[PDB]
Every structure is written in structure tokens, then in C-alpha cells.
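Only one chain is given next, in C-alpha cells, and it is the form deposited in one PDB entry.
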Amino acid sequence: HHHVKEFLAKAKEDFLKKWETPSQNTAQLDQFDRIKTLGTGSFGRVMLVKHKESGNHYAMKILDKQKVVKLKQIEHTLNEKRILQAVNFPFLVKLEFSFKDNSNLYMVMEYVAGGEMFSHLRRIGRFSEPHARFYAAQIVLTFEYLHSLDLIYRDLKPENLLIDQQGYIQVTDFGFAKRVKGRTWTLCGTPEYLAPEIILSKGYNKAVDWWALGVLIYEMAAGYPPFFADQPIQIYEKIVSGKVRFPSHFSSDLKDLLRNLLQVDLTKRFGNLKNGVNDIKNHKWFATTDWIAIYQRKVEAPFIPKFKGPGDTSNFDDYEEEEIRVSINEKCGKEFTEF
């Protein structure tokens, strides 16, 4: 496929134009009716909203400016918006609008009613290998796309993968995403998904995303992650030992792929070798995978979330609701000028 190579070069050109001249201020708060909280965090939350003029539903991420500054997450938050407004791929949640007011930053994303892979995985227990492979292929293509733009994702986990109406994956949460050529050092991610080099503070590159994919595939197929414990420190100890045990039901091909992704030695890890992503795409475990058909979304999904209207929130957990405050005074104006 010289196809992929020319798709990616054209993709980079579109990305670079938007990266260099980002869109800003494309809606305002009173154009949306807020319906229900879909998730929370230490400096913000995500709400289901309805856009009054179209009637469309969106997921609106609301960030408290003062809290973002206090917790020293300015660069990460600016990274998120700048990257989101510039990318475009079948398996990435789309940013539809963004704006800010006196108190908050807002990113209005497409709403994916099927809920997080997390909920479905815990409920079902584990996914069959073809089911896990279907999702894994989507992540492979998405990381190929992101890494080609010099982006590192850094927060792969089932909680950040939404299942759409066609049963396909939509990756959300670009809060730790960064455009970087060369090494970076920020200790971020989720404990169970951190690569050894992050934990050991040595500097790391995009190979950490491929390690995380190994953890994700293991967790989808097993129903539990390869390294778990009640405290992060004990999890880290297991991760850096790199000893992995596999369930009895894992196929030989799956175990071999995972030995190569969950390789503690950076320089031997699939995705990070001479042939790059092709080592993964060409692996026996993916022999049945039609990569083009996946990209084109022509493969029949193994699972479709039950759907009862746009606006249905049954696939999401209940959260405690709270006011959206907008101060009469502008907060942190200079810090977020480019947002």
C-alpha cells in the first residue's frame, strides 16, 4: 500500500495548516441546553447537551480556568484543544465547537451514546479474541495516524474508548496528547497502562502508546489488566519486572503479539522497530484483519450498543449534578489567550 503513505502525507498537510492557525470561539454557552453529567474530573466535567439551533446532542467538556492554572495543567489543556481542532480520523471523537467565558473553557465534542468500552467490558467480563482484535485494529490505525503527525496520545484505556452506533471505536480524552519530536518526560497516564520507561523517569517516546496497546489488548481478552494491585506503587513494581502471565484461553498468536508489545526493552518493542507499525499489522494474530475495510468501516461489528434515541444516556453511569458558574469577573485571561 503506497496508498497509506499518500493518505498520510495529505493528512499531515491538513493537520499542519490547522495546527499553525487554530480555530477559536466558534460558539457560545447560551446556544446549548445542559442535560446530564456524563463524567467528572479534578478540574472539570463532561455534560450531555443539546444545541438549540440544530437540535443535535453533543458532549461538552467544561474546564474551570482557575483550577487548571492552580494544578499546573495549562500546557496540557492547551495541547488538548490545539490538537483536537486539527485532527480528523474515522476513530477519533470530533471537536465541533470550542469557546471560553469568564470562568471556564469549553470543548464541545460529538456525542457517542454507546458509552465507554469500559462499561461493556466489565459487564460482559471479557471479549472474544475476534471481538478484541476488531477494536485493536482500530487503535492500530489511529496510532499510525497520530504518530505520523508527531503526536503522542498517552492515555489509552477502555475508559477513553467510546462505542458508536455502528459498533466502532471513538477515542476521546486528548488531555495528555502532545506534539513532540524526540523525547518527553511528563509522568502522566493511568497506572495500569504506564510503560516501564515512564515509571523509570528516563524519557520516552511514542513507543509508550504501543506498550499501552499491549495492556489494552490483554485487558480486553482477559477481562483484567496484566498488572494490577491495590496501590499504584505495587503496580509499578510489576510493570518494570515485566513478568507477564497469560490466561489459559489466550491463543498462541495472541501471546506472541503481547510478548512483543509488552516488551520492557524499548528497542525490541513492536511498533518501535525498523518496520514500525507494519510489524504489528503483519503479525499472525491480525492475519484475518482487512485493514482497508476497517478504515472504511465496512467490517461488521461484533457488538452494537442498544439505542433508544439520540440523547439516551442509559449507557453512561449517573454522576452528581452541579451548577455551571460563570463569574462576573474574567479569570486567568492571559493564560488562555490562544484557546
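The term rigid core refers to the maximal set of C-alpha atoms that superpose within 1.5 Å between the two forms. In this text, residue numbers run from 1 along the sequence as written.
For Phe15, the record comparison shows coordinates present in all the other entries of this protein that model its neighbours, with no third of them leaving it out. Gaps at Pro310 occur in at least a third of the other compared entries of the protein that contain both adjacent residues. Annotation for 303 to 311 versus 42 to 50: the higher mean temperature factor (C-alpha) is found in 303 to 311.
In this crystal structure, the stretch out of 56 to 64 and 283 to 291 whose C-alpha atoms carry the higher mean B factor is 283 to 291.
Within the selection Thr142, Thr190, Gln234, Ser119, the deposited Cα B-factor values reach their highest point at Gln234.
Per the PDB entry, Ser241 shows the highest C-alpha temperature factor of the residues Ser241, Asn79, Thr172, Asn102. Among the modelled residues of the chain, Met220 sits in the lowest third by CA temperature factor in this PDB entry.
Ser148 sits in the lowest third of its chain by CA B factor, as recorded in the PDB entry. Annotation for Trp19: CA B-factor lies in the lowest third of the chain's modelled residues. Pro158 sits in the lowest third of its chain by CA B factor, as recorded in the PDB entry. Among the modelled residues of its chain, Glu197 has a C-alpha B-factor that falls in the middle third according to the deposited record.
The discussion below concerns the form deposited in another entry, not included here.
Of the residues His147, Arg126, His131, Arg82, just one CA atom moves 2 angstroms or more between this form and the one not shown under rigid-core superposition; it belongs to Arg82.
Superposition of the core reveals a Cα shift of 2 Å or more for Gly39 between this form and the one not shown. When the rigid core is held fixed, the Cα atom of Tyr218 travels less than 2 angstroms between this form and the one not shown. Once both forms are overlaid on the rigid core, the distance between the two CA positions of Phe227 between this form and the one not shown is under 2 angstroms.
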